[PDB]
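Take a look at the structure below.
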């Protein structure tokens, strides 16, 4: 019945495990040894730092859809690449440009010679977030073997007027821009 | 406007017939007709028979592929003797193939491979179907006596109106009417070769149904009793043998009183018995395969 | 539970015919309870103008052919009361030869009643249910039990002269093939689909040859039973298998001469240069003997479970599961006449001999048909 | 419930319903996509969203089945660490209860099967992918699960101390020392082992356990 | 004073005079395990010692215990046998 | 000979363009002829993914037009009635056809035949199958399989050849496969199943070996179909052999010192008939006896030495006990709610001790008798790499041990009203038995709490406590009407004395205070016995009593389960006696009994005999207080009667009520209209009570086994009587003799019990065919909670 906006992107638990007591070893007295450990329940010492408890976003990692005919689509750290097929050729760059013109995004740089462009800012009206993200993106098309391929990269992401560089957010809103591009290309076709 | 280069003309058991095959045999039969003086019918009636021959060829080729039968290069070398008619015209190169396909090598070599593979698998299956009985051999040999009785040699043209192995009476009367109409046309003055190209399920339809010169005893019997009473050019009405209705025309005949002087007659009688058995079992098995096989003509 | 949930509508309707003559029932006589709903081979036997009939429990009865009047009756159901009154489960059909009346039984018994009054001359235990029709020849009585064993009882005293084993599949059709006399041999069928020939002296197998295509996936598609009687003519054996081929074989060599996708479990007829047949679907057909070419076919009775045909007065006669007798012209499938004889169905083969046609209904009533 | 629109529109609706926060209709749409279009531009994405929605909807058995199928079909998938983390989460989730948690009941005495499975999955994740984004939370959850398992063993040993089965007590505490040496439950159990040794008049072993206690309780 | 039903608490592994008489010094661990069975209790604190305890508490009748301590060497060869047939 | 500038694909839906290009003989290069295009088309089709392939040329561009084999959108099995969709769906999936997979139209016939084959495996040989392919918009297809199930094949005969000792009818009477179905056996059928013929052959073999036939042999078996394939014939060819007698049984091998008992197990009467099942039972008994001593994995094999000449059989039994196994760990699985100790304290097998298996079974039955778990199973697993140790694992499925009762009475007509109650037997998996009850009205208040620890001491000593409060005074005391206010406490301690018997002792205190009672014969008789001398012509009176009692009890419990028992008997005796010092003195005792006797090996059909007795009386010149009286009737004691209606009825003296309403709604003895003693229908109960009941429990006909444990149906016959032993029959000769116990009420009907989420629910319809004047009938009754 009753619900809260944050039931999404949250762990289905009480977060009590963060209060568990730390593990400490036992000292072996002189003249004897402690029984040899099995090593079945050993916890490796990982020095990584990351979100814990409610601060960890468990939303599935947004993978590029690759709607327009293609394969070996990928999502890098801050950039995303989609490989296309079916004889697009140089005509890929016009279509890409037209697609991003259909979104009336604020394109700031337009270098047709290098098949590159850059926008100022776009916003996302997501019902999933308590605060709406926004990011600055650069898109390009480059030749690969037989055909051209599109790439979309994020300059930075911002929340509430301050920057954010979380890997999950970067991946999510690059798959967002990549899906936008792929859907536009498919619609054009 | 876009131009169609090739397409699938027929779908068979996991195979396809391409339009580059129908056209090839179309040109082949047209060239043979022109050299033989025998006029041939309209595009569609000729097309249906060519498509049927290609369905039967694709079925047999897939059976050969399934059964692990392959052909050697020396087999192609030997077929060059007769398939290319090098013995008749002394030249090896493909410049003799002036009619069509620009004197290409691979196309005609693959065509020959297609014929050798079909013939090989046909022969193997039909031979494995033959049953020979000593009693029949003795009977036929004792028939081969009294100055080689029935030494008549015949060149005949044959037309087959097919019926399924288990036909319905409706189909029976339909085939009966068709066969009687063809027989009436042939007897009234219609050229049997033209009738054969238009109306025939036999493999030899594309060649006009000519069986070539043979000896009467070689007939499966279904034709010899009726055929003993017939002159050059006569038309023989419909008959049956399991595969459908049969119609025969006596193209030519030649008889002589030669006698081979049993020690050497038993082997010859076995040869002719094997010839008749192969002809009948071949027709029966090719009809069975046609009924069984999956096919969907495409248009 | 529910009696209104299971039914398949695959029965042809009663054809309309203009009868060229008026079929008549010369006489009729009740013989016990009859075959009943069980599938059996029991049928009358005609011998010297005497009609011998039997019953599933056993009521062996002898009736006059002329007016169905009886001359002697007996019951083989626990005559001495060894255990209550158990049924004899007779299912061998009446055989008549040499003054003896041979009958099989599903209790693995073979009775050899007498002609003069019915006294049981001898009773022999056999390898199993004597489903086959006894065949009398060369002083021997051949039986083919349900467990796949051909036995040759001695005619005089019933002693088993010899025995032969035949392979039995995991599933088959109820019934067994009756051997044929041939020339000092015995040509028999089998549930495995292999026709066999055995010499009359002992069980030395002469030849065996497969008759069924049996290209199925599961057991029900491999039903290759040869439950018909092989017919020997001029040294060629005609055999017919269920879901198999109507084939002709050399009597001694055993190699097939020709084959045709036609199956049945009802005995066929070989007359002159023609073969009259009834397929498993109740399709009356006529072929030729030299080669299979279906001279004509009839389908008006399709899926009306028919009995085996009999040649009578120059025309073919067949009974049906509803008690209607149908006459068919030999030259063509046109019906020559039709009659209603009994309310209970006709299952077992009719008898046509000495210019007289007899049949027995499922209820045991023996009918004589004339004109 | 599910119309026959192309896969694009079904996926768009599923994404919209996931963003809104309704799991049941979103579950229906993703299941429709998975069953009707098992290949295409959307494949695997549907399965990841199905796992997420099953977890958030408390459909834990279905989440386990989906995770198993995804793991056995796409072992090389770059985001398989997320799948293993969700496996650990759904196994830990099966180890909890609502009413008992509401009443403040210590559940470490109940069945440890699900805790053991969660520990196995989280250990697999941490060892296989040290640099994953979920490794820190996985390590914290491992430390908690280890403490829970040691507490279960301590509960069993305490019961057998009450019953008077001294061999069982000694074996249980020895298993604790060999399996969970560094947990607090092991430190609490050592006195039970010493008492069990003394009740069987095995003074030499009680002396050794007392030496351990003196050398470490300080 | 304690008039309530208490089940028998059997603890350890069954010992018989014949089995205890089958083992002798110099026996390897495999032979001892074959003669007496796997011990339900060993020394986990750094010694090759096997404890064969035989407890029986039929109820309120009083507990009895026989404890057989087998001390092996580093090579697994039995070195000392100490049999106590009753509690102190 | 032309350069391919570009390759464009059309029609690809499932096959990625990359895969198709890899499947191509062309590499966007050049040097291409017509034959290359033909080979490309042939290769594309050879991949088996395309139904139609076409290649077109547009200038220097290659346009590849492909029609992918349509995709299955949905599969709908329509018309199937006997084969269920899931089964048939699994079979079709196994055949390689599933939603999404490309539909190779060259195999539809095949799958159709496969389906028919499955029907053949179901016993439907004359069944027809057809596939209808309906084209959809996105080049998908719905594959609807229409089924015409044929008439099932039935067995026309089962024949046995070679049987002379036993008639065919008797032999086949035990078979599952049946030739004839008795007219009264509407649920039977003549269907044939291969697994059943296999079991019937095993049944025949066992029958012949169990009646003395060591040489019995089944020569062969034949199964045949009728030409039309709607009848089935079965034949069994057998060889009886001859009857044999036992000469002796001699045991050999490693008996592990248990020769005396094993030899006592293998006892035969000299010259008895051979018996296979007896030999099997001897083997099993030897295995069980060895298991009692820890030999968990012995090998016991018996071989009969036959003597055909003498026709006698001598059994040689070889026994090898093996190693004595020890338990290493005892593990419990499935106790997600129950605390681990709750399960572990029921164990008779100690963890680190030698195995006996008898103890393991004892622990299993203890857990079953506990009633907290729906299913309990045991598994003794050998420890890997250990020749002498095992792990015992108990797998349990937990139940809903709680039950809830709720309702609302008059509503808001007079103030507010409601009724509530909860009862838990495993509160929060702690093993505690907790219970709260309450009711609120303008005419009554009631509260009751109960908490019991079944294991207050490890040995099983239980400690329990109970508080209760009850009131009838109206709010604000509008008028001096009948009032009854009581409260009290009760502390009880129980302890076991056997594996099945336990005793209970405790102390209770109860305070009662009645006032403004209506004068009636029984209550005034009791009050006179107490020494009180209340008036009879007016309703103003008062009475107060404090009571201390010693409570005792004894419970014997050997039931199969704690819920829906199928075997065993349970007896529970309770009683109380006032401690000297109470305002009134008496004793009371009650005795409940419930016996279950199974009739089927599966325990599906059971006979339940239930009984209840009660007697109480005063000690000195006093009498048992009328508020301790026994009551009968209702869903708990005698179904078909209104609750607490059986027994003596109140007799009122003429008197004036404290109120006089104009509705005439007052007892018959009201002074306004009456001046003589008159009876009523108000049940008052009696100090002696006896009730009995016989029930026949049957399987529920319209539920699958998945709910068998959840529903119980029974047919019951109940008897019950209540009487007042002190009723002065010498006086009051004009009224029924309430001291006579012969007035036995009876009822008969049908009852249904369901383990609903709110606990047990009991419905019953009972006709009370025997009743006496004043008894209120209630044919249909509904109840919540543990009944009796």
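Please read every residue number as a count from 1 along the shown chain.
Every residue gets a Cβ built from N, Cα and C, even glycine.
As stated in Swiss-Prot, the feature transmembrane segment covers range F:501-513 out of the listed F:488-500, F:501-513, F:514-526, F:527-539.
Residue counts of the domain 'POTRA 3' (F:153-241) by helix, strand and coil are 23 helix, 27 strand, 39 coil (DSSP-based). Remote same-chain partners of the transmembrane segment (F:501-513), defined as residues 6 or more beyond its termini with a Cβ less than 8 Å from a stretch Cβ, comprise 460, 464, 483-495, 542-557, 574, 576, 579, 625, 627. If one looks beyond the transmembrane segment (F:711-723) by at least 6 residues along the same chain, the residues whose Cβ comes under 8 Å of a Cβ in the stretch are 564, 608, 630-633, 637-641, 646-648, 685-686, 688-701, 703, 738-755, 764, 766. For the topological domain 'Periplasmic' (F:556-568), DSSP puts the residue distribution at 0 helix, 3 strand, 10 coil. With helix defined as DSSP H, G or I and strand as E or B, the topological domain 'Extracellular' (F:474-482) counts 3 helix, 0 strand, 6 coil.
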